[PDB]
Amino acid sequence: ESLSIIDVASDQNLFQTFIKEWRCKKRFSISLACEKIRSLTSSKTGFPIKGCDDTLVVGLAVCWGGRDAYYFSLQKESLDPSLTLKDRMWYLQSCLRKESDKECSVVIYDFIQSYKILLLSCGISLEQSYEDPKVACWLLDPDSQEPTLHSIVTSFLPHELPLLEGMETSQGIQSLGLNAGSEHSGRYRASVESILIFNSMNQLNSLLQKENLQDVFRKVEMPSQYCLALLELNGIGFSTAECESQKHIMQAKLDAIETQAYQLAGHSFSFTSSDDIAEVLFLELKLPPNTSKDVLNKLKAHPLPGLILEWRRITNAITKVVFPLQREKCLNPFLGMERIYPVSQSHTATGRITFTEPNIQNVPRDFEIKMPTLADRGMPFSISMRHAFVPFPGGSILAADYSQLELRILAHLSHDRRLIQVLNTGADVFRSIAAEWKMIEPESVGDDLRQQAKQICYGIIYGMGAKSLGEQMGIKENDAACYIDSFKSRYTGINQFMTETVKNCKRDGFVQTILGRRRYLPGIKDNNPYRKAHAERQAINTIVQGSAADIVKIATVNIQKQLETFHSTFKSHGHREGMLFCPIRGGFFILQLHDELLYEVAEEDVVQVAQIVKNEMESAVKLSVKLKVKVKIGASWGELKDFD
């Protein structure tokens, strides 16, 4: 009962036996064998990997029980030349693709990355039910550290730890078979992983059943990984010319601000050095000392802090947005455009999806700069960095967002009749909040003030104190306390929900979302008042924000299911590359924004996808409050117009 590797591509008879057994397995694990070219004498043939030089996919290991790993060589020549590589890739695709009535699940560590490699390198598109142990580890503890192969074996299969004795890459987040840096062969690494991943998943599936989270794992979380896989293969269009255009006009404003600021100070100073800013603003002037955004917003009434704040916003866009975007862009010759390919991250505390390298979610909102014209000398020009994100030639960006998703969930749980009343009016909650605060007409509220009222809204709802609220509103703490107390007197059901949530969390030790995902907050019983209250606010926010993330995932999964139904074309822009012209059809998931789904849709399918997206988002889950969706389309992420 020791580790046995059966090289199935060595004998035609042994291969056909392997294909015979594999085709009747309803559960198996696979691990891609990736290896780096470390010596020309030992260099193995295989399929090259995009973005990696000297790294190839040499094979693939399959395990369906015990410590027997079946290694499937993807090299150009086998021990039996009658079994050509083309014959092997045929059987490989035949077994990794299922029929309608057939039911079969494949267990893969780091499924999204493996799905992309098989498609872009080996030309294999998986058509099975997917299970990833990394996702199962996250469902049991969303605040856990990102799982490694070593930690999974340490916690769910500890007897097989000596198998990972010499391989230090098992203690890395990357898969053992994908980490070609190890001096071990990809054949041994993939075979080891196949055995550890298959048996560990049976233990994880048992725990998920006992936690009543296996349905969420199979019907929501894993299909959401498949959707993000298509997103990572699609990427988001990027227009270097537009981004450079903004970099030029933004740098012109910075030059104008610097000149205008040097006149106000009587000399030249460096905006980077806070010492030079501190000497001017305080030692050279009459401003109350004790350069922070909070400090400079207080001192915003001579015009120098305002000019310093603007200089630091624009500089942040150039240095921390323009620079990474221009770096991570690459050419897609199959679409004739430049695209940015970010990486999805679903191991979050509440279940939200963020992205990395680069995090296109953090691309700045539209902001105005004033530049001298022939008349105004301060003419407003909008700087929309999202305008640089464009669809393929002949398509449009489709954005569909939930209208106050978290508030509707909060109404669903608190049953606060005043909140249900506010949502049913159809008026913007945040403009009304700003309309009473500033005593202005609602139609006059600008986005800056509306954003300020938005943070005042969710802040007060999620436990903000009077001191911070007074800092936000520029009023005294005692005056801000009236606004909080007035909120608690108006919306009593919300407060009753907050009280009930904290009480149950203190007893249960956790809080649950609508789908049943548990987040464990042991600080709910902490003695430290700060750490205790932070846990109390986490308990209330996780239920609402996490349930909002559940609804968006279900809608994404439901949308993509409908899209593949109508359009027999390529699932993703990676299926066009991995399979090698043909016109683009359908809509392509490009970005998720917590409450918004971004889609790159071809013109002839804009109406059809829009109907699909709106209907599926509105019927994701059934709530006591209706889920309202607004669909926008436009030639860019920054030129979205309302679509009926």
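Note that residue numbering follows the sequence shown and begins at 1.
K.L.:
Unmodelled deposited residues between residue 301 and residue 302: none, 1 to 3, 4 to 9, or 10 or more?
P.N.:
According to the record, 1 to 3 deposited residues lack coordinates from residue 301 to residue 302.
K.L.:
Unmodelled residues of the deposited sequence between residue 580 and residue 581: none, 1 to 3, 4 to 9, or 10 or more?
P.N.:
Gap between residue 580 and residue 581: 4 to 9 residues without coordinates.
K.L.:
Once you work out the mean C-alpha B-factor for both 364-372 and 272-280 from the entry, which is higher?
P.N.:
That would be 272-280.
K.L.:
Comparing 607-615 with 48-56, which stretch shows the greater average C-alpha B-factor in the deposited entry?
P.N.:
Taking the mean C-alpha B-factor of 607-615 and of 48-56, the larger value falls to 48-56.
K.L.:
Between 219, 247, 567, 320, where does the Cα B-factor run highest in the record?
P.N.:
Of 219, 247, 567, 320, 567 has the highest C-alpha B-factor.
K.L.:
Per the PDB entry, which option out of 378, 237, 324, 142 has the greatest Cα B factor?
P.N.:
That would be 378.
K.L.:
Ordered by C-alpha B-factor within the chain, which third holds residue 297? Give me lowest, middle or highest, please.
P.N.:
Within its chain, residue 297 is a highest-third residue by C-alpha B-factor, going by the deposited values.
K.L.:
Considering every modelled residue of the chain and its Cα B-factor in the PDB entry, is residue 224 in the lowest, middle or highest third?
P.N.:
Within its chain, residue 224 is a lowest-third residue by C-alpha B-factor, going by the deposited values.
K.L.:
Quick one: classify residue 134 as lowest, middle or highest third of the chain based on its Cα B-factor.
P.N.:
As the PDB entry reports it, the C-alpha B-factor of residue 134 lands in the lowest third of its chain.
K.L.:
Sorting the chain's modelled residues by C-alpha B-factor, tell me whether residue 38 ends up in the lowest, middle or highest third.
P.N.:
Tercile = highest for this residue's CA B-factor.
K.L.:
Sort the modelled residues of this chain by their C-alpha B factor and say whether residue 174 lands in the lowest, middle or highest third.
P.N.:
CA B-factor rank for residue 174: highest third.
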